[PDB]
2 protein chains.
Amino acid sequence: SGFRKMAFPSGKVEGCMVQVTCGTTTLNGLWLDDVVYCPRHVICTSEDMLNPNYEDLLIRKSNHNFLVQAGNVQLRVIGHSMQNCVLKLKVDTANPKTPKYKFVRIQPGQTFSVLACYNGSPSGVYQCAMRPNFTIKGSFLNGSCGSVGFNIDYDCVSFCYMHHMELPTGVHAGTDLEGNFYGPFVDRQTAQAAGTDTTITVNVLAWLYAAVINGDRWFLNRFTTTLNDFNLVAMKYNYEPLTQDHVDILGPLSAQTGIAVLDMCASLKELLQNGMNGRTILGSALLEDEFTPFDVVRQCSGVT
Amino acid sequence: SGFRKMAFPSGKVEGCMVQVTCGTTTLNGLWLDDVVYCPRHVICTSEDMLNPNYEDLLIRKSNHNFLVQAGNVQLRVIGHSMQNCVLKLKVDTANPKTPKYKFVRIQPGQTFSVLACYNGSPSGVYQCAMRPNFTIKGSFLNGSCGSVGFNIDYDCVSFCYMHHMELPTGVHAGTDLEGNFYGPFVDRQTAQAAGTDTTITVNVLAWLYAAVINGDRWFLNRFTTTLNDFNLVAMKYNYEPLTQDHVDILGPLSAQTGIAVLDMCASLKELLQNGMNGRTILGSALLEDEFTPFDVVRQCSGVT
Ligand SMILES: O=C(Cc1cccc(Cl)c1)Nc1cncc2c1CCC2
Ligand SMILES: O=C(Cc1cccc(Cl)c1)Nc1cncc2c1CCC2
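Looking at the method and resolution fields of the entry, one finds X-ray crystallography and 1.550 Å.

Written as structure tokens, this is what we have:
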């Protein structure tokens, strides 16, 4: 038993991290096969970050301007291309440590592990969610750009996020591995609206099921609700509307605990309306929404 | 910016994990150099776990009874010895992936990362603290025994914990890598008192400094206190007494923020006496004590 904000083991991703330097800027790159992926703003100086014309800036750069270092050894750059907001540096050597991998675009509300890196070296790993507003609440300092988000299924690493920017609000924005920003964000030093965030209702419910599985049951009540009644409450509290797709994904947890999804929704409704009354659930004093139903089942089953 | 419950990158430890089977029991082992370390209860069946005579049970076992598998390949056991509650299986092959390592006994209140494993395969990584009562609040299922806790300084892995047992209370107990249990626990299927836990005051204060560094300042007040006045409040709220050693370790954070340690203590005093009033600090609705002052400085500086 026990429930933690557990990240995937980071080894497979650590072996892909490289340092990419261009001019005066250094950031992280992801070395998979014979390609190094990194944020395209590596070609910028602070001065042109206000309104960069990436196409014009990249034209002044040749393969020899991109210094790519893997640990203590230098990689030879034989090609460079810009795909959306990422650069793809073709190197003459395939990464011997390339795991089985995929590039996936996660949906808002999904979770993933982040391996924060500086100068191509890993510093830590943490689990987080793609917020409904497409930002992530990470922990990133200057130099962390190019750090990636991922999920692991058995031996396959599905890369979903590449860190690019921190908004003035202190929240984080980035792209999928094709360089497409999640959300409306642009790679420019300009104030950008993240937009209204919401609580990921299906995840809170999954975490309430995790709480029951791990012994915390004080919040279980004698009530039930309907999707429509529950969604009126969810709207009032800036929670995402619950759909039958969400109920369907909560099926395994409902079967595991014997608590019908709408009965758990009624517990959530009462917690939203009355608060926790100074009590805790799985060591938290708020409703946690960074565990998907898949995460709860995985952590409670022991998938390696 | 941003503050997360960040674990160390787990790659160096993943390369050490092996599966150890003895009779009908399978658990995790730690392969460093030519030795495999695992909990000694691997030699037990459920029947003798009630009151095991480990010395007598180990006598019925020979090197060939300990099946050690590293991924898909089998290790040849050439020696076996029991050191306290761990078994040391000498194998004929040194682990090629052995990182620079140390065995350290952490102090209560210190933190470390845990790589949860099943059948010698890693499933996840999470950060946790050694509680003042020497238990850890981990996330572990049946088969997780032998999973280890560690810290990383540059390239050196300091192993501090080996998972052994889950108490009836749902909390976790284990040993250092010399097989010495942290706390009063014994490796027996018997109800065992964990003892009164306390909140790690120095860690809460470090986390309050992390909050200020990352922008959350609502809790800062116009007050100050003394160590004696603060400790009267700490006693009332089951917080560990703050000493000058704790104030000294908080020095860097006090200098970074310009907030004197006793002024931060007065903020903590008011938060303890008045609660959060429905507000949050670094996304938490309670006072977090699982970040040491070292962890806050590391996460806010980017040590790789
Ligand atoms: O935000 C940036 C640079 C940047 C500026 C404008 C646009 C773009 Cl794409 C990137 N770097 C960053 C990332 N995560 C975290 C922290 C930083 C700075 C300090 C903390
Ligand atoms: O506690 C045990 C077995 C055991 C019994 C008695 C003494 C000793 Cl040393 C070990 N295993 C375990 C560890 N972490 C987590 C979970 C389990 C069972 C299920 C969850």
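A few words now on the pattern of salt bridges. Tallied over the entire structure, the rule returns 22 salt bridges over all chains. Between B:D155 and B:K100 there is a salt bridge whose closest N-O contact spans 3.8 Å. Separated by 55 residues along the polypeptide, B:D155 in the loop between β11 (148-153) and β12 (156-166) and B:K100 in strand β8 (residues 100-103) bring together distant segments of the chain. For B:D155, a relative accessible area of 23% puts it in the partly exposed group. In this structure B:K100 comes out as exposed when scored by relative accessible area, which is 57%. Each of A:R4, B:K5, B:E288 and B:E290 takes part in a single network of salt bridges with overlapping partners.

What follows deals with the interface of chain A and chain B. One frequently used descriptor of interface size is the decrease in accessible area upon assembly of the parts. In this complex, chain A contributes 44 residues to the contact, which on the side of chain B involves 44 residues. Where chain A abuts chain B, roughly 3000 Å² becomes buried across the two surfaces, and 53% of that area is made up of carbon and sulfur atoms. Inspection of the chain A/chain B interface yields two salt bridges. With its nearest N and O atoms 2.7 Å apart, the salt bridge here joins B:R4 to A:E290. Linking chain A to chain B there are 23 residue pairs in polar contact.

The next point concerns the sheet that holds strand β6 (residues 77-83) of chain A. Residues and elements named next belong to chain A. Here seven strands make up an open sheet; going across it, the order is β5-β4-β1-β2-β3-β7-β6 and the pairing antiparallel. The sheet terminates laterally at β5 (73-75) and β6, the two strands that pair on one side only. The sheet shows a mean angle of 30° between the axes of neighbouring strands, taken without regard to direction. Two elements, strand β1 (residues 17-22) and strand β4 (residues 66-70), share four bridges in a ladder whose sense is antiparallel. Paired with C22 across the strands is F66, a residue of β4.

Right, let's get into the nonpolar core. Core analysis: the biggest nonpolar cluster contains 40 residues, and A:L30, A:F159, B:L30 and B:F159 have the highest contact counts within it. Those residues in contact with B:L30 that sit more than four places away from it in its chain are B:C16, B:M17, B:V18, B:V35, B:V36, B:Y37, B:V148, B:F159, B:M162 and B:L177.

This next bit is on the site of ligand 2. Around ligand 2, the surrounding shell holds 15 residues, and the nearest of these are B:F140, B:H163, B:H164, B:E166 and B:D187. Taken together, the residues near ligand 2 originate from chains A and B. Between a nitrogen atom of ligand 2 and a side-chain N or O atom of B:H163, the distance comes to 2.8 Å. Between B:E166 and ligand 2, the recorded distance is 3.0 Å, taken from a backbone N or O atom to an oxygen atom. For the shell around ligand 2, the class distribution of residues is five nonpolar, seven polar and three charged.

According to the domain assignment, chain A consists of domain 1 (1-14 + 100-197), domain 2 (15-99) and domain 3 (198-301). Its C-alpha centre places domain 2 of chain A at a distance of 43 Å from the equivalent point of domain 3 of chain A.

Another aspect to go through is helix α4 (residues 227-236) of chain B. All names here are of chain B. Listing the buried residues of α4 in full gives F230, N231, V233 and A234. On an axial view of α4, the arc spanned by its buried residues comes to 160°, and they lie on one face. Structural note: α4 exposes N228, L232, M235 and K236 on the side pointing more than 90 degrees away from its buried face. Remark: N238 follows α4 within two positions and exhibits a positive phi of approximately 55°.

In screw terms, the move from chain A to chain B is a rotation of 180° and a rise of 0.0 Å along the axis, fitting with an RMSD of 0.0 Å. When the rotation and shift are considered jointly, the pair of chain copies conforms to a two-fold rotation axis. For chain A, the minimum C-alpha distance to the rotation axis belongs to A:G11 and amounts to 1.8 Å.

As a further point, take the environment of A:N133. Residue and element names in this part refer to chain A. Position of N133 among the secondary structure elements: in the loop between β10 (121-129) and β11 (148-153). The exposure class assigned to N133 is buried, which follows from its relative accessible area of 10%. Separated by 62 residues in sequence, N133 and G195 have C-alpha atoms that sit 6.0 Å apart. If sequence neighbours within four positions are ignored, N133 has contacts with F185, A194, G195, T196 and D197.

In this section: helix α3 (residues 201-213) of chain B. Residues and elements named next belong to chain B. For α3, spanning 13 residues, the distance from its first C-alpha to its last is 19 Å, which sits close to the expected 18 Å at 1.5 Å a residue. For α3, a buried count of 12 out of 13 residues is recorded, marking the element as mostly surrounded by other parts of the structure. Residues of α3 that are buried include every one of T201, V202, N203, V204, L205, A206, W207, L208, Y209, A210, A211 and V212, and no others. Tucked into the core, α3 has its buried residues touching β9 (111-118), α4, α5 (244-249), α6 (251-257), α7 (261-274) and α8 (293-301). Positive phi shows up at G215, right after α3, with a value of about 100°.

So, how was this worked out
Residues numbered from 1 in each chain as written, not as in the entry; some residues may be left out. Chains lettered and ligands numbered in written order. Heavy atoms only, no water. Salt bridge = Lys/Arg side-chain N within 4 Å of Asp/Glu carboxyl O. Helix = DSSP H or I, 4+ residues; strand = E, 2+ residues; numbered from the N terminus. Buried < 20%, exposed > 50% of the residue type's maximum accessible area, 1.4 Å probe, protein only. Contact = heavy atoms within 4.5 Å. Buried area = accessible area lost by both parts, 1.4 Å probe. Polar contact = N/O pair within 3.5 Å; in protein donor to acceptor, adjacent residues only side chain to side chain. Pairing = 2+ DSSP bridges. Axes fitted to C-alpha atoms, helices over the stretch in contact; angles between N-to-C directions. Core = buried A, V, L, I, M, F, W, Y, C linked by side-chain atoms within 4.5 Å. Near = heavy atom within 4 Å. Nonpolar A, V, L, I, M, F, W, Y, C, P; charged D, E, K, R; others polar. Domains from an automatic or database assignment. Arc of directions from axis to C-beta. Least-squares fit on C-alpha atoms. Expected span 1.5 Å × (residues − 1).

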